[PDB]
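Structural description and commentary
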Amino acid sequence: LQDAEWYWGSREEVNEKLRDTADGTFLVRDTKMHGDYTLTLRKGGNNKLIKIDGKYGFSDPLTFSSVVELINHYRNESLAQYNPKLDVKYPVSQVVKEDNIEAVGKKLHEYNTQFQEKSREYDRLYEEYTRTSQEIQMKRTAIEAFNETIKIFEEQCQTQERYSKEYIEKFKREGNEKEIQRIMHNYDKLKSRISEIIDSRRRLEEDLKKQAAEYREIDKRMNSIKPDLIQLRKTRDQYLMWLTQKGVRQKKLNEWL
Amino acid sequence: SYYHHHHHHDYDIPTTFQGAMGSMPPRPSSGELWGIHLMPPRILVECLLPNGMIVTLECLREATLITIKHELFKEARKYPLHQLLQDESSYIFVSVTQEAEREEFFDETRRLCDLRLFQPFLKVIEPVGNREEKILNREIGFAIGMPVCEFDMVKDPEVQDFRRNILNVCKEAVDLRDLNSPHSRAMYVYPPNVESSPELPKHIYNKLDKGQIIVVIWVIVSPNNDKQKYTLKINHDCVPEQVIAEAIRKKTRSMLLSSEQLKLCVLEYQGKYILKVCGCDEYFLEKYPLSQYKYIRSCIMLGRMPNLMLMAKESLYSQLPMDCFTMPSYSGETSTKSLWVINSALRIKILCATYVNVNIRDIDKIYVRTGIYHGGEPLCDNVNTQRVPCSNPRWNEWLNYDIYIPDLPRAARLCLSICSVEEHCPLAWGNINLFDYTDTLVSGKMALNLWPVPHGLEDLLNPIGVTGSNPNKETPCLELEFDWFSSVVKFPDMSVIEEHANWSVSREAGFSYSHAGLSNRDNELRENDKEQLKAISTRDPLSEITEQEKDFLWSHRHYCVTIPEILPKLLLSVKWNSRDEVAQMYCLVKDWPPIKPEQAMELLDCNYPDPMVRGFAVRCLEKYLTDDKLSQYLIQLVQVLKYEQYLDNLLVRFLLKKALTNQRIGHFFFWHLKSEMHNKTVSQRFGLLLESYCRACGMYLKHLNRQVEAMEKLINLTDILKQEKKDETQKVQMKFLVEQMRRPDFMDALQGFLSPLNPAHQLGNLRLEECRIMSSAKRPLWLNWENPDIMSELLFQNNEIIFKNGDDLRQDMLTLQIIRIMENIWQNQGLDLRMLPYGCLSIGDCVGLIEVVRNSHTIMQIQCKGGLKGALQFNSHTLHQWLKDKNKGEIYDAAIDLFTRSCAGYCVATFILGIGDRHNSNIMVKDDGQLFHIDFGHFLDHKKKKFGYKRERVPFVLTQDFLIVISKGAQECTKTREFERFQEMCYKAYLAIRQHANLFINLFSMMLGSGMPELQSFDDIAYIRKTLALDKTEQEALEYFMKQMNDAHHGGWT
Ligand SMILES: Cc1c(N)cccc1N
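Residues numbered from 1 in each chain as written, not as in the entry; some residues may be left out. Chains lettered and ligands numbered in written order. Heavy atoms only, no water.

Within the PDB entry, the label attached to chain B reads Phosphatidylinositol 4,5-bisphosphate 3-kinase catalytic subunit alpha isoform, and the organism entered is Homo sapiens. In the PDB, the title recorded for this entry is "Crystal Structure of PI3Kalpha in complex with fragment 18". As its UniProt record puts it under Pathway, chain B is described as follows: "Phospholipid metabolism; phosphatidylinositol phosphate biosynthesis." Quoted straight from UniProt, the Sequence similarities entry for chain B says "Belongs to the PI3/PI4-kinase family." (UniProt positions renumbered as here; feature names shortened; annotations may be inferred.)

The PDB entry lists chain A under the name Phosphatidylinositol 3-kinase regulatory subunit alpha, with Homo sapiens as the source organism.

See the structure below:
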């Protein structure tokens, strides 16, 4: 009843042991002038707490003589026949098997340095990801802007053709090539200027794909760091929990960690 | 020998990281032209003329469009086709901006650099769209920082439906403004800055000899120059009008005037004047105890004599222009088929995710997890099979959720996520509202782009996350299909839900005999029950309720109406997946007794998404929440908008109206919205709201637009200092800074405007000799300005505030807010600890403003200054000795009282909030002896995400230094009465916060919205439970607090 595997005997650190366990995983807890014990069960991925002359129970069907009595019965069976909306029943509670205590504690530092080195790599890349998302979108807007600029110039190389070829045929002899050269010059500037702008826009779009390429490669490697970070952290949490069963040593821990 | 000769082969130091010179993270934003920060001082600009000619002027960076136009048409004469141009006056400039929109440049005073031009060119045109007036939307869009057109071409009906309907609220507020104008207009602009209570705490009351204050009314007569004191001694609880009279009495008593002749000269004169605060645009515009105005109450506390000014109402109503509000340019299926008709389970067809970036080496197989939610979930969570894993992943499955379509609640939302495989690990996520804003159940095909899993989330699905598709295109796009029922299904009317609820009750009244699992169902209740209910009511939000307690609550819901405050708990005890239940709850909440705002605010967090509930919650605010207390909690109310399902909602209509009713709220409401605009989770939502505000706010837009323009100048300026003027001497940088600031574009832009930190303060001229870049690597700017008040002298001649590009202010913003609140709790509950919650304001992505506190120093400076020449050790006493050096005489004794009263409160706030470890370089002491912490780092113990685990840290650990000073220089200070009293403050402080713990949970719960890594989910906030010890009795808490306090101190502490 002290040991009881699942039996620990507060709210917060329960939820840390219930974080990322699947549908059906459970444990029991201990104000006493409130109720005695508390079955904290994670049905469907959400904390579902259940309150507990001799007989331990949930409300009226009290004939179970112990805390261990009531939980063996409902490891076999669901909680539906007690309370309507409850159709779920994992009593969850390696480490190289090490009885070393000290050398288990060195590994905790080692895994934690591995983990904390690993979190920074994940943290780095999350900045890269979002900066890249920004840099990209700024490039996209810039492309809309270039494209827009270009319209105004394409429209301007057109805009002049209407007025300029009205001012060639009207007159013609008056300032023959003295006029029409210096209208051809201005226009020959105008189109090569367009020519430069388009090439400036292209050169952004090639950089866009190289950026968007790298953007994939960040996420790609984020998603291969992620699953490792979960296990690396989870192994650290079992190494740290395995220690904090035998010797209390809450304060000794912090040098390794 | 050191390393076992083990070579690290990968490591390189030819530049290998931003650990080396480790500061200044956030980027980027190009400034004055595309791809460059600060445009060249002389620059070539292509002018595109209406005759099709490209004449290129060399212009100065700094030059006005007037100057450019005027030169362009002088220089277009030298190019051909001059007879085809009109007189320059028939033209306006245009170009493509960096936002990517062809902006017409109407305000021709603007300078070439200030245009935000992308490419440096200008097209000439005669002004299309003859309403010049109306295309000062560009004003709005400047203030918002995204052009107003960008909405106008949004497809989505909701968005347009928001834009058009929200003007209801805007026009209603403008009505209230010009109601008793010009008084009410001044009432909008310059609301009375006033504490919530008129009642005075007992430690203020004792500073005034049975409620009397020596005031100083000032006046001006001719020409302006000379002013005259009029040093009244009026009552604390006397109103501005009485204070205005006595001033005019004493002004105009005379030897050529009988008393009867004075009384008449009082009356005429009296109400032609109103009271200003000397030195800032604050005023005393309504019947309020003088003490109730914040300026007075601070003058009491600080041992100061209020300097007010008598101001003529007409010289005031001179300075208010007209609001000039205008309605903008922009002005189901035959009774459908009620969701309750629909006879089927929920099923949602998953189809194909397209853009999923995963190593086929690393990850085996990948699947879509799904689930339905309400904050928590109304059925067993389900997935789909592990099919087509990684390479082009596709499942054409109907997922089957065990809930009947009618038992969907209004606020139901699907939450999904692509995952990796117990190698379980989310790749993306996205959530969708199962109904739309028109109440319509979601049918057919939907295409959802997903969000990347953030830092703190390990969990698979993430329903607190924002509802809707990512706008970012190039991300995982998981499209899917919902069931179609030959008819648009709408959510039931309330009239109909009222009937089903009335039926559900009458039905229960004949359910008979034993109903074991009494659980969800006696008229006369037991006394032990009625005590187990109020006992539940008192519990904080994070004390999670059991199934027993829920069922117990849900049954006695009709008694729960006697104890309104239970409502949060009750609502979380409803089976949201039983419309029978939900409907009955909708009839309680209808006429549930309104509750206190501090309690009603919980009901707008993520755990209460139902619209009816949130209505009740806004209904509470509408009643109790004063413009004071709204302003106090405005950050938590802006943040809580994210959790609303739809754009258009009662909470937005509330806050928007309040913003337009009162300009001090308005101000911060703009800036907090504007602060977040870079975050694409809310860009749309907040943009739309900010448009509405900006459109209806009256002249303030133009004031905002200068504040905004100043902030952009500084953002650019620093951005440049931080890149390319890095690896440069301060000497070289400071030269560059001053050089820049002297250019006239900077001079215009950074001078005549209002403090975003506090728009009451004006900001005048730049004294550039007192402007400088601090030593920090983030290259913050220490900026200084002349206070252009008439009475600068009487308040502060120099206003100086710190601009810091590079650092996420919002953690600080919230901790400082929380501090401010603990102070108000403490003080207003008669106990005087003096926290200095200095001003802080994030105006953007890691960009903000921090209030300077003149004459304060880091303990380090104190000790550097007090350190002996031969570099040996710094003396614990030097603090004490440096403090004495300032405070000498009866002063000394009082300055230790301050240091003790501050140091105590800061100990208890620090401990409870668990903020970053305190040490000599982040603790500050003022000349007058007040202590206050700066640079808080991570609040709720966010370096416990590495190891952590029941660490319940003490961050302010009072070294000798502090103890000496508390104990007036004795040795073995830990044993004096000086110290006993100190501890008794610390205990009394700790309990006060422990009785308001609900609020601080809820404030932190409201803040989960913002994307702060310190606030990822409720367990983050749970630290504040341990540290307040809310699972325990208060007596254990006291003992816990001591225990905790003792062990870190090696001290006495019993
Ligand atoms: C309401 C709630 C659920 N369902 C799970 C975890 C935390 C909280 N606060």
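Turning our eyes to something else, we now look at the overall build of chain B. For chain B, the helix and strand inventory stands at 35 helices and 32 strands. Computed over its C-alpha atoms, the radius of gyration of chain B comes to 32 Å, within 12% of the 31 Å expected for a compact globule of 1054 residues. The buried share among the 1054 residues of chain B stands at 58%. Working note: accessible area of chain B is about 46,000 Å², and carbon and sulfur atoms make up 51% of it. Distance between charge centres in chain B, computed from 122 positive and 135 negative side chains, equals 4 Å. (Helix = DSSP H or I, 4+ residues; strand = E, 2+ residues; numbered from the N terminus. Rg over C-alpha atoms; globule rule 2.2 N^0.38 Å. Buried < 20%, exposed > 50% of the residue type's maximum accessible area, 1.4 Å probe, protein only. Areas by Shrake-Rupley, 256 points an atom, 1.4 Å probe, with all protein chains shown as cover. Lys, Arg positive; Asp, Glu negative; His and termini not counted. Charge placed at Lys NZ, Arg CZ, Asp CG, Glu CD.)

Residue and element names in this part refer to chain B. The strand order across the open sheet built from three strands is β30-β31-β32, with neighbouring strands paired in antiparallel fashion. On the outer flanks of this sheet lie β30 (856-858) and β32 (931-933), each paired with one strand and no other. The sheet shows a mean angle of 30 degrees between the axes of neighbouring strands, taken without regard to direction. Pairing analysis gives three bridges linking strand β31 (residues 923-926) to β32, with the strands arranged antiparallel. Paired with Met924 across the two strands is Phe932, which belongs to β32. Lying on the sheet, helix α30 (residues 890-913) is in contact with β31 and β32; it crosses β32 at an angle near 25 degrees. (Pairing = 2+ DSSP bridges. Axes fitted to C-alpha atoms, helices over the stretch in contact; angles between N-to-C directions. Contact = heavy atoms within 4.5 Å.)

Residue and element names in this part refer to chain B. In terms of burial, strand β1 (residues 42-48) is a largely internal element, five of the seven residues being buried. Direction of pairing for β1 relative to strand β2 (residues 54-60): antiparallel, over a ladder of seven bridges. Bridge pairing in β2 links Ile43 to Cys59. Taking the residues between adjacent antiparallel strands as the criterion, β1 and β2 are bridged by five residues, where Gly52 takes a positive phi near 75 degrees.

Our focus in this paragraph is the packing of aromatic side chains. Residue and element names in this part refer to chain B. Tallied over the entire structure, the rule returns 36 aromatic pairs over all chains. Arranged with centres 6.5 Å apart and planes meeting at 45 degrees, the rings of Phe911 and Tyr990 form a pair that is tilted. Highlighted residues: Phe911 in helix α30 and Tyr990 in helix α32 (residues 977-995), separated in sequence by 79 residues. Each member of the pair, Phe911 together with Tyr990, is buried. Look at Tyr987 and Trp1053: their rings are 5.6 Å apart centre to centre, the planes differ by 80 degrees, and that puts the pair in the edge-to-face class. Here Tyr987 is found in helix α32, whereas its partner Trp1053 is found in the segment after α35 (1034-1049), with 66 residues between them in sequence. When sorted by exposure, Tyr987 lands in the same class as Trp1053, which is buried. Among the aromatic residues, ring-to-ring pairing joins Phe911, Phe979, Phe982, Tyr987, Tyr990, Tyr1040, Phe1041 and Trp1053 into one connected group. (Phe/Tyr/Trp six-rings, centres within 6.5 Å; stacked < 30°, edge-to-face > 60°.)

Another aspect to go through is the environment of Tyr1040 of chain B. Residues and elements named next belong to chain B. Considering the arrangement of structural elements, one finds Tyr1040 in helix α35. On the basis of relative accessibility, which here comes to 5%, the residue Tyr1040 falls in the buried class. In the structure, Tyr1040 is positioned 85 residues away from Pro955 in sequence and 16 Å away in space, judged by C-alpha atoms.

Here the residue pair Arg27 of chain B and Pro28 of chain B is connected by a cis peptide bond, since its omega of -20 degrees sits within 30 degrees of zero. Its location among the elements puts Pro28 of chain B in the segment before β1. The omega torsion of the bond from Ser222 of chain B to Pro223 of chain B falls at 0 degrees, within 30 degrees of zero and hence cis. As for its placement among the helices and strands, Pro223 of chain B is situated in the loop between β7 (216-220) and β8 (227-228). If you check the backbone angles, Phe171 of chain A has positive phi at about 80 degrees while not being a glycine. Tracing the sequence through the fold places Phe171 of chain A in the loop between α4 (166-169) and α5 (176-246).

Here the focus is the interface of chain B and chain A. If you look at the interface, chain B gives 84 residues, while chain A gives 86 residues. Across the interface of chain B and chain A, roughly 7,700 Å² is buried in total on both sides, 50% from carbon and sulfur atoms. Contact with chain A buries surface across chain B, with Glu458, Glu544 and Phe947 of chain B losing the most and accounting together for 10% of the total. Inspection of the region where chain B meets chain A yields ten salt bridges. The interface formed by chain B and chain A holds 29 residue pairs in polar contact in total. Listing elements by their share of the side of chain B that touches chain A, those giving two or more residues are β1, β5 (121-125), β18 (425-426), α13 (547-555) and α34 (1018-1028) of chain B. (Buried area = accessible area lost by both parts, 1.4 Å probe. Salt bridge = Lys/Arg side-chain N within 4 Å of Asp/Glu carboxyl O. Polar contact = N/O pair within 3.5 Å; in protein donor to acceptor, adjacent residues only side chain to side chain.)

Before going further, it helps to spend a moment on the site of the ligand. Looking at the ligand, the residues that line it are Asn46 and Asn47 of chain A together with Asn607 and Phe1018 of chain B. Near the ligand, the surrounding residues belong to chains A and B. Here the ligand has 270 Å² of accessible area as a free molecule, and 62% of this is covered by the chains. (Near = heavy atom within 4 Å.)

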